[PDB]
Amino acid sequence: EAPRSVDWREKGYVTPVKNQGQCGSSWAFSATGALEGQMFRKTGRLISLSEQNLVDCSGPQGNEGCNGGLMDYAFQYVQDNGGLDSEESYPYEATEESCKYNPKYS
Amino acid sequence: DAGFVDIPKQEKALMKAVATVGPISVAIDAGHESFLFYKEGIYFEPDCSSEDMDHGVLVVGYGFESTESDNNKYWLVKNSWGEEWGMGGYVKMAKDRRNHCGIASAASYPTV
């Protein structure tokens with residue numbers, strides 16, 4: 001039967017609490033938290049992942065940056081992109097910016 | 001190939017997924033001042049909707065308060081409004097009270 005109590009923080013699956021600031025990006029923090037947990041499940045490594053990479057780059061999958069989004073659209077972006085950058089390499093700005101992975105027009 | 005698994009809209013299905021998979025993304029109705037000013041304890045808001053969710057959060061576990069005589073189960077939820085909100089940034093959401101705030105209505109996790 002399922003246990004009576006479960007707390008994945010005790011097992012090392014959860015990063016510290018973050019602050020989305022003045023931006024409607026809770027969908028991105030929910031999605032990075034679930035991805036941080038499944039990458040720890042797979043590899044035993046807990047790394048804070050980038051909500052900014054989702055806010056800036058997952059518009060093709062249906063998200064709207066600081067104007068709202070869905071965790072499933074963020075998970076589709078992760079699979080399309082082959083992963084997600086770390087928070088340390090692609091830090092949070094609490095505003096939608098250009099996706100550096102978009103070549104744009106030249 | 002979609003990159004995620006959707007959990008059926010039921011708290012027992014969510015409980016099994018949390019126990020077997022790890023933290024799960026969920027959405028809740030966070031549009032009540034009781035949640036904006038939440039500080040501690042099991043959160044129960046009589047006027048919460050199980051259909052109109054507007055805020056994504058992360059279920060990292062579940063448990064129960066043995067010194068409370070009924071309505072004592074909760075979901076352990078990580079929010080993203082910083083550590084000064086709630087219990088160091090976390091909230092204990094009422095569990096097994098008719099899908100309170102829609103916590104089991106839009107639950108999923110990524111495939112890796």
Side-chain angles (χ1 to χ4, degrees), chain A residues 8-9 12-41 46-59 61-79 81 83-97 99, chain B residues 3-4 7 14 18 21-31 35-36 38 43 53-61 75-93 101-103 105-110 112:
Chain A
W8 290 112
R9 295 177 292 180
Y13 279 63
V14 186
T15 60
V17 167
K18 307 176 177 181
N19 196 330
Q20 66 185 85
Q22 294 165 46
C23 173
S25 51
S26 66
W27 58 271
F29 285 83
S30 177
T32 56
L35 184 63
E36 285 159 359
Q38 290 308 285
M39 295 305 295
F40 177 82
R41 182 181 182 199
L46 185 69
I47 295 176
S48 186
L49 300 181
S50 178
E51 291 82 21
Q52 194 70 36
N53 185 172
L54 293 172
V55 164
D56 296 346
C57 302
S58 63
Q61 286 79 13
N63 292 318
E64 304 283 351
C66 295
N67 281 330
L70 296 181
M71 292 76 80
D72 289 349
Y73 291 168
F75 300 145
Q76 181 65 77
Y77 169 82
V78 170
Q79 181 191 243
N81 185 55
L84 197 62
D85 286 356
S86 65
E87 189 57 8
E88 182 179 335
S89 71
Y90 195 153
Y92 187 63
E93 295 295 339
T95 191
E96 182 181 348
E97 300 193 323
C99 175
Chain B
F4 59 93
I7 292 162
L14 176 61
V18 173
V21 170
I24 306 293
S25 290
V26 301
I28 54 167
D29 176 3
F35 192 76
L36 309 198
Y38 172 79
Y43 177 78
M53 296 91 66
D54 58 13
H55 186 61
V57 294
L58 185 73
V59 173
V60 299
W75 294 109
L76 283 168
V77 173
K78 187 190 193 197
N79 196 6
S80 53
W81 289 344
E83 290 177 350
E84 289 326 302
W85 178 86
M87 301 186 71
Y90 282 80
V91 49
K92 288 180 163 165
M93 291 294 287
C101 298
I103 195 147
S105 296
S108 60
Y109 61 89
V112 300

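Just so it is clear: chains get the letters A, B, ... in the order the sequence lines come, proteins before strands, and each one is counted from 1. The figures here come from the full heavy-atom set of this structure, side chains too, leaving out hydrogens, waters and symmetry mates.
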Over all heavy atoms of both residues, which pair between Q52(A) and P91(A) is shortest? Give the atoms and the distance, please. CB-O, 3.3 Å
On a heavy-atom basis, which atom in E36(A) and which in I47(A) lie closest, and how many Å separate them? CG-O, 3.3 Å
Atom OG1 of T32(A) and atom CE of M39(A): how far apart are they, to the nearest 0.5 Å? 13.5 Å
For the pair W81(B) and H55(B), name the ring-plane relationship: parallel under 30°, tilted 30 to 60°, perpendicular over 60°. tilted
In Å, rounded to the nearest 0.5 Å, how long is the span from OG of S25(B) to OH of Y109(B)? 11.5 Å
Side-chain touch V77(B)/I103(B), heavy atoms, less than 4.5 angstrom: yes
Please confirm whether the backbone N or O of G56(B) pairs with a side-chain atom of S26(A), one donor and one acceptor, at under 3.5 Å? yes
Find out whether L58(B) and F29(A) are in side-chain contact, i.e. whether some heavy atom of one side chain is under 4.5 Å from a heavy atom of the other. no
Atom OH of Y90(A): over 12 foreign heavy atoms under 6.0 Å: yes
Using modelled atom types and a 3.5 Å cut-off, is there a donor and acceptor pairing between side-chain atoms of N53(A) and backbone atoms of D85(A)? yes
Close aromatic pair by centroid cut-off 6.0 Å: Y43(B) and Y90(B): no
So does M53(B) get a backbone contact from the side chain of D29(B), meaning a donor-acceptor N/O pair under 3.5 Å? no
Evaluate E87(A) against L49(A) for side chain to side chain contact (heavy atoms under 4.5 Å, CB included), listing each step before the verdict. CA-CA 5 Å; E87(A) 189 57 8; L49(A) 300 181; over 6 Å; no
Below 30° counts as parallel, above 60° as perpendicular, anything between as tilted: where do the rings of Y13(A) and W8(A) land? tilted
Between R41(A) and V21(B), the two heavy atoms sitting closest are CD-O, 3.5 Å
Just by distance, do the side chain of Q38(A) and the backbone of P23(B) share a donor-acceptor pair under 3.5 Å? no
Just how far is it from atom CG of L14(B) to atom CD1 of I24(B), taken to the nearest 0.5 Å? 6.5 Å
NZ/NE/NH1/NH2 to OD/OE distance under 4.0 Å, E83(B) and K18(A): no
Salt bridge (charged side-chain N to carboxylate O under 4.0 Å, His left out) contacts touching residues 61-71 of chain A (sequence neighbours left out): none
Correct closest heavy-atom pair for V14(A) and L46(A) would be O-CD2, 3.6 Å
Are the side chains of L36(B) and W85(B) in contact, using a 4.5 Å heavy-atom criterion? no
Are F75(A) and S108(B) side-chain neighbours, meaning at least one heavy-atom pair lies under 4.5 Å? yes
Could you go through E51(A) and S25(A), starting from their C-alpha distance and side-chain angles, then the distance that decides it, and tell me whether this counts as side-chain hydrogen bond (donor to acceptor under 3.5 Å, both in side chains)? CA-CA 8 Å; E51(A) 291 82 21; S25(A) 51; over 6 Å; no
Value for CE (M93(B)) from CD1 (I28(B)), rounded to nearest 0.5 Å, stands at 4.0 Å
Taking all non-hydrogen atoms of both residues into account, name the closest pair between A107(B) and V26(B) and its distance. CB-CG1, 3.8 Å
Checking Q79(A) now: which residues fulfil side chain to side chain contact (heavy atoms under 4.5 Å, CB included) with it, not counting sequence neighbours? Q76(A), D1(B)
Show the numbers, then the answer: is there a side chain to side chain contact (heavy atoms under 4.5 Å, CB included) between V60(B) and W75(B)? CA-CA 8 Å; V60(B) 299; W75(B) 294 109; over 6 Å; no
Using atom types as modelled and distance alone, determine if a side-chain donor or acceptor of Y92(A) lies under 3.5 Å from a backbone N or O of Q20(A). yes
Compare every heavy atom of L54(A) with every heavy atom of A31(A), then report the nearest pair and how far apart it is. CB-CD1, 4.1 Å
Salt bridge (charged side-chain N to carboxylate O under 4.0 Å, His left out) filter on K78(B), not counting sequence neighbours, yields none
Answer yes or no: is there a donor N or O on one side and an acceptor on the other, between the side chain of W27(A) and the main chain of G65(A), under 3.5 Å? yes
Would you find a donor on one side and an acceptor on the other, under 3.5 Å apart, between the side chain of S30(A) and the backbone of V57(B)? yes
Using only atom types and a distance under 3.5 Å, with no angle test, would you say the side chain of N63(A) pairs donor to acceptor with the backbone of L70(A)? yes
Hey, are the side chains of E88(A) and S48(A) touching, using non-hydrogen atoms and a 4.5 Å cut-off? no
